[PDB]
Amino acid sequence: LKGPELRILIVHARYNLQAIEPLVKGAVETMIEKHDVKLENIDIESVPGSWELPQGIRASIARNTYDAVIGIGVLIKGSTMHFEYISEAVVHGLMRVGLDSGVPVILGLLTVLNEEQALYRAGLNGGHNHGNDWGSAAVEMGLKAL
Amino acid sequence: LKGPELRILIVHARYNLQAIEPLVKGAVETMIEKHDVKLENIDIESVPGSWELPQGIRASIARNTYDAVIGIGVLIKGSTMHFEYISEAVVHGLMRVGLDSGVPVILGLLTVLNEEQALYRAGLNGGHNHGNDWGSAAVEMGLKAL
Amino acid sequence: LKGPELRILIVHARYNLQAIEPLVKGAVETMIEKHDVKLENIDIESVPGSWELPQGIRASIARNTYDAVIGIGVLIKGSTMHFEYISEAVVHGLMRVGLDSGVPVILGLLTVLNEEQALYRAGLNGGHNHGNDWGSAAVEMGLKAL
Amino acid sequence: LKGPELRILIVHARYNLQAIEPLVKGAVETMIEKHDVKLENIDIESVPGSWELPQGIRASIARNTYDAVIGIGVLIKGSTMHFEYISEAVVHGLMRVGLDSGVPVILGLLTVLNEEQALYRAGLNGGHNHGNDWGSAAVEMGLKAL
Amino acid sequence: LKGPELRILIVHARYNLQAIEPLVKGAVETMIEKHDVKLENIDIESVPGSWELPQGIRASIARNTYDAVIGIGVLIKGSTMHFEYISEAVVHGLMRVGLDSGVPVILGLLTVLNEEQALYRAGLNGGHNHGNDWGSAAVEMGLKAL
């Protein structure tokens, strides 16, 4: 599947930036290299933390027009219940923003127990970069939307 | 119950495709063989993963008109909390799309601990294929909708 | 409390039918025998499983007019997480249908660990039939709605 | 803070009535004795169980006009998962009714493991009556609403 | 990032006030000292408990106009399930108020097991004050909103 006429939005948080970057990259590289998406047609905005992902996307979805958007962030279990509650709220939030807007929202949220699990899913230490999967998903959902 | 005039939509994800296929088949075979549904009246679309099920169905529900739709996907517990969160969000999502649209949405989502449990519910290794149940359910809900 | 002019709707699923029936009966008998509800004023529709309860009620709530509705079904814990997710989604769903419509929705959903717990709450093996409680509740909420 | 011109609504369920009463009392006494609320300006309606709280409040909120409302009920853990699901649904429901209506809704819901824990929070056996806290909260939220 | 023209709202509950204060301070100090926010442009309202946070913010968001708002409160695990349910409901509530209003809502909610964990996250006993992070987040989201 190729989508030269597709406009894609990518919002990512900045916590655990060491895992975020590889993910964003994989997502971008895959879209371009494999689906023929134009670099100029890929906006990349960012927010403080995962909590802000739904809100950031909603805002951007209103300003311009995209065919698909990818929310990227990584939450790591800490000492309190904070992890559980943010996670649940953010995931429900992204789903809402997508269903309300009609714009496909790809889940690029990692909810892990430790940094290692994150890096592994970001393609480091022998793992498969999930940002790639997200990229292809964005493209597919974008086309089917039209 | 027979529904020759029924138009059914089936959206399924592609992860764990080995379990997905038997499910879709059972759903289709049952509708046809037991409820007299016309093969031409059964659309079968697909999306990347379960996360996209609600969004894919919403989109399709807007394009054409169906009497019932079946969402099919299988989520398997991994090393992180990802499974728990996607599961909860997807299930709430499908329920929403159905209640908002007024179109019956049948739950063909398997949330299992391991691949074996999935295959078993797909009719392999001595189990009962649940896609069959979903097929009959789609038909029943479709008629009662009219 | 008596409600001769009340119109009640009862939607029940068909899984674990052995527990369902006693429940529906108790609900009906109580409404009639104790609150003076007219048998002709009690509609009893049914759906495949608990998942369809919210959707079935929404549909019916649109076709006719009722003063109260009772959703009845029984979910039993199995080997997977399916039970947990359907349960949470269905309960949220019923609450939504009630709050959106303005029509009182009585919860006649049993979420048990095993069939015995269900039958017990259906009045068998020395237990108290909960359908009775639901019946009176339907009547009370119906009147206060007016 | 005093609110002589405030109209307060109090809906309470009737299960575990032994814990409910002390709670309602404390709420009323505190509002009057400490915030100068007029007894005639305090409506007290009731419903069967906690499940009906959101629905009862919605109904009443539509009939008349209140500055604040207090939902009171006590759920006790039993042998099944029923407790967990009603609890989650009711709490989400009350929050919704408040946010949709714009009318402050005070949470007077006790979700305990056993009757003792309930009575203790109702001021018996050496505990502090939480209904008092709820009363003051109702008054504060009511004024700030204006 | 600096936001001299930004109007920020801060609503905080009053339970566990010993942890609340340091948080509010850090939030204010950081906004001023590091982002050039004008003290006159920072409203600080308060409510009884965390349950009231969403409702308080909704009310204020309607009265005036803000570029960003910060909800602050701390919930501590007790003997009952109350903690879990308030937590889940409040977090979903804040997310809703933000998505409905279009106004960025920063999560300054601590859901801890004990007072120590709270104080630690408020900057005492060797910990980092999270109110600072929230302050910067408020500023960033506010600007991007424009």
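Which chain is which? They are A, B, C, D and E, in the order written, and residues in each are numbered from 1.
Convention: a contact is a pair of C-beta atoms (placed from the backbone, for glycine too) under 8 Å apart; a residue touches a chain by one contact, two chains touch by 3 or more.
Protein names from UniProt, one per chain: A, B, C, D, E = 6,7-dimethyl-8-ribityllumazine synthase.
J.: Take the average of all CA coordinates in chain A, do the same for chain C, and state the distance between these two points in whole angstrom.
T.: Chain centroid spacing, chain A to chain C, equals 41 Å.
J.: Measuring from the mean C-alpha position of chain C to the mean C-alpha position of chain D, what distance in angstrom results?
T.: About 26 Å separates the centre of chain C from that of chain D.
J.: Please output the residue numbers of chain D that touch at least 2 other chains, ranges allowed.
T.: In chain D, residues 88, 92 touch at least two other chains, as defined above.
J.: Based on which chains are in contact, what kind of graph results: line, ring, star, complete or other?
T.: Topology of touching chains reads as a ring, each chain with two neighbours.
J.: How do the chains line up around the ring if the path leaves chain C toward chain D?
T.: Order around the closed ring, chain C first, chain D second: C, D, E, A, B.
J.: Which residues of chain A touch chain E once you look at their complex with the stated criterion?
T.: 45, 47-49, 51-52, 54-56, 58-59, 62, 79-82, 85-86, 88-90, 92-93, 96-97
J.: If you look only at chain C, which of its residues touch chain D in the complex?
T.: So the residues of chain C touching chain D come out as 77, 84, 87-88, 91-92, 94-95, 98-99, 102, 104-107, 109-113, 117, 133, 136-137, 140-141, 144-145.
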